[PDB]
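Contents: one structure, followed by commentary.
All heavy atoms count here, side chains included; hydrogens, waters and symmetry mates do not. Residue numbers begin at 1 in each chain, while the letters A, B, ... track the order of the sequences.
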Number of protein chains: 4
Amino acid sequence: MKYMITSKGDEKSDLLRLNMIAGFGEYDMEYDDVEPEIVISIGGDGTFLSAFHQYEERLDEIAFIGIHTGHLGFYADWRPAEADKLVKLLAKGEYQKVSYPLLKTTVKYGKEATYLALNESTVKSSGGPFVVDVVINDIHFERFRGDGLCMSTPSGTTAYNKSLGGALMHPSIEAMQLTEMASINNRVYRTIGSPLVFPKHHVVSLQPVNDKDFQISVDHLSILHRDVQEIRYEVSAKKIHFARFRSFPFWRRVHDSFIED
Amino acid sequence: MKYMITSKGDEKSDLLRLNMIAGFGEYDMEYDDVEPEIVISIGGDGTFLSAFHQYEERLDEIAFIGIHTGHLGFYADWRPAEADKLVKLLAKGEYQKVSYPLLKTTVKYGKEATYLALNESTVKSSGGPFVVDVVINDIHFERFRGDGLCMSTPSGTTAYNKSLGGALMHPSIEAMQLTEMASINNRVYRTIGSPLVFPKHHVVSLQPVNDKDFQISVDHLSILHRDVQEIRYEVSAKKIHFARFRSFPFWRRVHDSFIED
Amino acid sequence: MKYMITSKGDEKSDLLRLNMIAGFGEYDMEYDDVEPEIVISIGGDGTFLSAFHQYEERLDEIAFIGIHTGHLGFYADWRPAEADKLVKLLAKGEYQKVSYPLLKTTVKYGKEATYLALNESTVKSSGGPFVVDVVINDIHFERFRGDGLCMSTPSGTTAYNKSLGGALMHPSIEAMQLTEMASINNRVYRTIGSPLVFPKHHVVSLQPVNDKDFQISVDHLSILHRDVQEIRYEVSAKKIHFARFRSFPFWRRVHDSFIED
Amino acid sequence: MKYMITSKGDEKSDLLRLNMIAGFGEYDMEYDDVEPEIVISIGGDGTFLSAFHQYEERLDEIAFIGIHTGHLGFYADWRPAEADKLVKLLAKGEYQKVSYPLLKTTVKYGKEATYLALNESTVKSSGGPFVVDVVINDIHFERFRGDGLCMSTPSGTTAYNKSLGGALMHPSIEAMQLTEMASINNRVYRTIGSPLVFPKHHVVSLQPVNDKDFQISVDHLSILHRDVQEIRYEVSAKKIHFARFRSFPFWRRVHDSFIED
Ligand SMILES: CC(=O)SCCCCn1cnc2c(N)ncnc21
Ligand SMILES: CC(=O)SCCCCn1cnc2c(N)ncnc21
Ligand SMILES: CC(=O)SCCCCn1cnc2c(N)ncnc21
Ligand SMILES: CC(=O)SCCCCn1cnc2c(N)ncnc21
């Protein structure tokens, strides 16, 4: 079918890309980066992340695969030595697919901007103090004062979420996790401190109290948003689809990354 | 129908119990503590916890209700002032029911002991060092050295799990969360550190490496188990059922308990 | 002697300032904000902080006093009701003095910039990834990857240091404390994680590895430094001097701020 | 002079001990384990710890040395390959000495028991809930509810203190550090959460509120104390003295243990 391959840019990934294309030519496979049904990433997790956001409007028609030319990645979890065997099974197809949940971020002004995050979305102030009111399902939960907040996807918990004390949750759980950055707590300012895991259809809303300028990141993308009235977080109805070739469990992927390999 | 009421034991809860029984007599309600269909707890969360374990063999036939004669509880979340209104709606029934997941703990020796936990189950050593191998779905994940481990239900995350840095997760998420107690980490001994959230059907297994004596707790119950070969944790197929009378959201219950009320 | 009074700017602090000046006129006291021997701050801790940095070149000749017109402060720890009694004892003098250690920050380029911090000094990247090599007494200790680092004075531990997990240490201990911001740790990148308390004469040096642009803060001041070769942290030889009128222990000041009051 | 050598018990340490004794016989050195002036530990940190407590009544007349026959230790910080060179310099003496602060623990009943801790002293309940009032310099600071508390020496911060989130402080700082174990915090029960570093002459006192039975540990020693009225913590006036042969900085010892070696 139609496919395309993105490369990190170094000669290790570029040469590995040219070989897979040459191997794909031996099969009924057409190269198309406009309407691909298979998107192959070669490099690391950031390369897969750019490949995800490059085609985040055709997610239901794409099965992603990641190849790590460096250290192991949670998305690029196939070594370069399996590139030739990957070409054959992708060519004749018949592969199983696995789907991970995604995070929807809605930014409201005085239009409306919506984003799709594979890892996480963070909110920080524009330099001044970061104070925000946290509203969970139209219920005022807390007034957060600190460095910022991070809402993470299940697969994104192994990234920035983990550095903030958040829990690692299996990606089959359709949920999102909110963690704090350097919250100030005294007798007068109260935050929950613990990470918060939210199921599907739960809407977490950040609302300003003073400054309406915030630095909002979505995976690698980061923009300074001005005159914002609300930031809405919820589990997205769309899912990223992977091509599954063999058993590489998420917990084994966690063990190899943080324990030993 | 058949009902029964447990009391904390103080005169505040005993008198509140006698009044609800007198009010129940004005309706088609029979008092039965052998086969009750309604179990009312009056006191706090520990009173509800003892009421849960007293009838943990008829969970599919019971709708629990908790009344807090002291501070607010996550299970006893109805004030004493609503006792009379609670009697009327329970009498004519028609109430909706909500179900929370439970934790199954299997202890294997050289028979087999299984427990049901509403909050959490902890494992500590018998005084000596606590070293254990953590196996996730038959995959050796880590060798844990420290004070102990805690596997928490979703509703149990607000209890001992929260004191260990674990995340608070909404009880509609059928999952369990594992947290560490004072793990020792150097270049030679590696633990994940982060809490781990496991979905349904995932089996987390603790296996000894030296001492086979461990102090295992299940909610309030705590026993010294000797000559144990394995501790199996997984989300239980059974659920505790509550009687629902009005909207008291879990996140509002979290806000009232830790933020302010 | 010579004195001056800074005000937060609100009418509560301005009127309290005009009254103390009028009360000071009843004594042998001259108002001088060029060479003051007594510096009175009226407002909060940020007002005292601006008053400290306004006169950080005559620290050995000044005894500072802080008055909080709002909530209690660790530097402005005297209520407005004690302003009149404060005027009398300052006028005839005979007051005891207490001294807190300070933090010296040296920034080396390709000249040299030195700063004095009463609370803390933080280092973050200019937007990109923050990677830095931590050198303790000319010994390479770790390569830090994360959001940034914070070196705190003893009295500064109750501020941003506390939000990062650092310990609160009594200000009589001439030392400094280093804490991490969202460090990334795996099998390949290793940080200590724990806070580090350094005694006097110990030099902690941050050295770039890639980007040489960092956002460095010193108390409230924050500047983007470009083409930096080294950031040197050490306990300063200079001390801030307070005027002591009665027993307000630091631990009682910690209790009143975070436990209850 | 007079010396003695303790061994871990394995054949690696016993044979290394017999060789140093044979090498000591070539010099003006007498073996005496009653009144030794040099105490050599061969094994790990627990072997040095037992050697410390074996002679904790002649601390001012002993210079300790630790040899690690296994992984590196913070007290046994000399490899077995340096045993012969260690024998020669100890024999002719002229070595410099370094001193680390110690922790004094006073347990008051209805007599009085005092202990000396090289690493830390912990307090836990006897099985029931652990609630205690924390009094700092006769000022009620907090009511602690949780698993327990740990007061650590400076050199002890790399041990159990580190697993509880406490800071690592250089041993030249005469101080002690208090850390919490799984404290419960809500709107009604308030603990500081942060670790607390106390200078010399500051007295931290734990006082019961209900149960007067606590499991108190002092380094490796652990005893169940009954009918206790007070636990007093303070920096001891006595110091443990080491024999210094070359530069092995504490921070390098921290780097080798937790970063890499
Ligand atoms: C410095 C930080 O805290 S973000 C590190 C990002 C590394 C690349 N990466 C991208 N996605 C992931 C992921 N899901 N899990 C771990 N690492 C990931
Ligand atoms: C000292 C500790 O860490 S356990 C405190 C237990 C208080 C009673 N309780 C019982 N169940 C719960 C619950 N689910 N959420 C919060 N509190 C609960
Ligand atoms: C949002 C943060 O983490 S910084 C809060 C700073 C409040 C004012 N202040 C200034 N100095 C201090 C101090 N030493 N101790 C506590 N608070 C202080
Ligand atoms: C499982 C724990 O948290 S205690 C581990 C004790 C290891 C031996 N040891 C004894 N003293 C020390 C010390 N000062 N620094 C590190 N390790 C030490």
Could you give the distance from NE2 (B:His170) to CG (A:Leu196), rounded to the nearest 0.5 Å?
11.5 Å
Answer whether the closest heavy-atom distance between the side chains of D:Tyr160 and D:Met181 falls below 4.5 Å.
yes
Restricting to non-hydrogen atoms, name the atom on D:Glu230 and the atom on D:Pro208 that form the minimum distance, rounded to 0.1 Å.
N-CD, 4.5 Å
Rounded distance (nearest 0.5 Å) linking atom CD of B:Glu120 with atom CG of B:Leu103
9.0 Å
So that I know where these two stand, are C:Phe258 and D:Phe141 an aromatic pair - ring centroids less than 6.0 Å apart?
no
Ignoring hydrogens and angles, state whether a donor on the side chain of B:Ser121 or B:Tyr233 is under 3.5 Å from an acceptor on the partner side chain.
yes
Roughly how far, to the nearest 0.5 Å, is the CZ atom of D:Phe198 from the CE atom of D:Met151?
5.0 Å
Start with the C-alpha gap between B:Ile42 and B:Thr6, add the side-chain angles, then the distance that decides, and say whether side chain to side chain contact (heavy atoms under 4.5 Å, CB included) holds.
CA-CA 6 Å; B:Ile42 302 187; B:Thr6 72; over 6 Å; no
Between C:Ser152 and C:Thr157: side-chain donor-acceptor atoms closer than 3.5 Å
no
Please check: side-chain N/O of B:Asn161 versus main-chain N/O of B:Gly156, any donor-acceptor pairing under 3.5 Å?
no
side-chain hydrogen bond (donor to acceptor under 3.5 Å, both in side chains), that's the test. Do B:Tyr75 and B:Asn119 meet it? Break it down for me.
CA-CA 10 Å; B:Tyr75 301 132; B:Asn119 273 335; 2.6 Å; yes
For residues A:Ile192 and A:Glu142, determine if any side-chain heavy atom of one lies less than 4.5 Å from a side-chain heavy atom of the other.
yes
C:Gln177 side, atom CD; C:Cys150 side, atom SG - distance, nearest 0.5 Å:
8.5 Å
Compare all side-chain heavy atoms of D:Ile216 with those of D:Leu224 and state whether any distance is below 4.5 angstrom.
no
Pair B:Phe48, B:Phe242 - check ring-ring contact (aromatic ring centres under 6.0 Å, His included), show working.
CA-CA 11 Å; B:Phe48 184 96; B:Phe242 298 80; 5.5 Å; yes
Is it true that a side-chain atom of B:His241 and a backbone atom of B:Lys239 form a donor plus acceptor pair closer than 3.5 Å?
yes
Before you tell me yes or no, could you show the steps for B:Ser247 and B:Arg244 under side chain to side chain contact (heavy atoms under 4.5 Å, CB included), namely the whole-Å CA-CA distance, both residues' side-chain angles and the distance that decides it to 0.1 Å?
CA-CA 8 Å; B:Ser247 167; B:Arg244 185 206 180 280; 3.7 Å; yes
Are A:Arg232 and A:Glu234 within salt-bridge range, i.e. N to O under 4.0 Å?
no
Side chain to side chain, C:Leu72 and C:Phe248, heavy atoms closer than 4.5 Å:
yes
Nearest heavy-atom approach of A:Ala182 to A:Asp147 is CB-OD2, 3.5 Å
Please check if any side-chain donor atom of B:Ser257 sits under 3.5 Å from a side-chain acceptor atom of D:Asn186, or the reverse.
no
Count the heavy atoms belonging to other residues, nucleotides or ligands that lie under 6.0 Å from NZ of C:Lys162, then report whether that count exceeds 12.
yes
For a quick test of your reading: what N or O donor-acceptor pairs under 3.5 Å do the side chains of residues 122-133 of chain D make, sequence neighbours left out?
from, atom 1, to, atom 2, distance (Å)
D:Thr122, OG1, D:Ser217, OG, 2.2
D:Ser125, OG, D:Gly127, N, 3.3
D:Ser125, OG, D:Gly128, O, 2.4
D:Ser126, OG, D:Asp211, OD2, 3.2
D:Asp133, OD1, D:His140, NE2, 3.4
D:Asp133, OD1, D:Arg143, NE, 2.7
D:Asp133, OD2, D:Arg143, NH2, 2.9

Would a 4.5 Å heavy-atom cut-off, applied to side chains only, mark B:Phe74 and B:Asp256 as touching?
no
Indicate yes or no: at least one non-hydrogen side-chain atom of B:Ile67 is less than 4.5 angstrom from one of B:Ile40.
yes
Before you tell me yes or no, could you show the steps for D:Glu180 and D:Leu149 under side chain to side chain contact (heavy atoms under 4.5 Å, CB included), namely the whole-Å CA-CA distance, both residues' side-chain angles and the distance that decides it to 0.1 Å?
CA-CA 5 Å; D:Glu180 308 181 350; D:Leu149 293 159; 4.2 Å; yes
Can you tell me how far the OH atom of B:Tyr115 sits from the NZ atom of B:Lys104, to the nearest 0.5 Å?
13.0 Å
Donor-acceptor contact below 3.5 Å, side chain B:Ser222 vs main chain B:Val218
no
Please round to the nearest 0.5 Å and tell me the distance separating atom OG1 of C:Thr158 and atom CG of C:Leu168.
7.0 Å
For D:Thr191 and D:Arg145, work out which heavy atoms get closest and say how close.
CG2-N, 4.4 Å
B:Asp10 versus B:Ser13, closest heavy-atom pair with distance:
OD1-OG, 2.7 Å
Side chains of C:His68 and C:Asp77, donor plus acceptor under 3.5 Å:
no
Report yes if some heavy atom in the side chain of B:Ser183 is under 4.5 Å from a heavy atom in the side chain of B:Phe144; otherwise report no.
yes
Do A:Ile136 and B:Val254 make a side-chain contact, defined as non-hydrogen atoms from C-beta onward lying under 4.5 Å apart?
no
Distance-minimising heavy-atom pair for D:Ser194 and C:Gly166:
CB-O, 3.9 Å
Identify the two heavy atoms, one from B:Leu90 and one from B:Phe245, that lie closest to each other, and give their separation to 0.1 Å.
CG-CZ, 3.4 Å
Do A:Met169 and A:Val197 pass the side chain to side chain contact (heavy atoms under 4.5 Å, CB included) test, and can you show the C-alpha distance, the side-chain angles, and the key distance before you say yes or no?
CA-CA 9 Å; A:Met169 34 192 304; A:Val197 181; 3.8 Å; yes
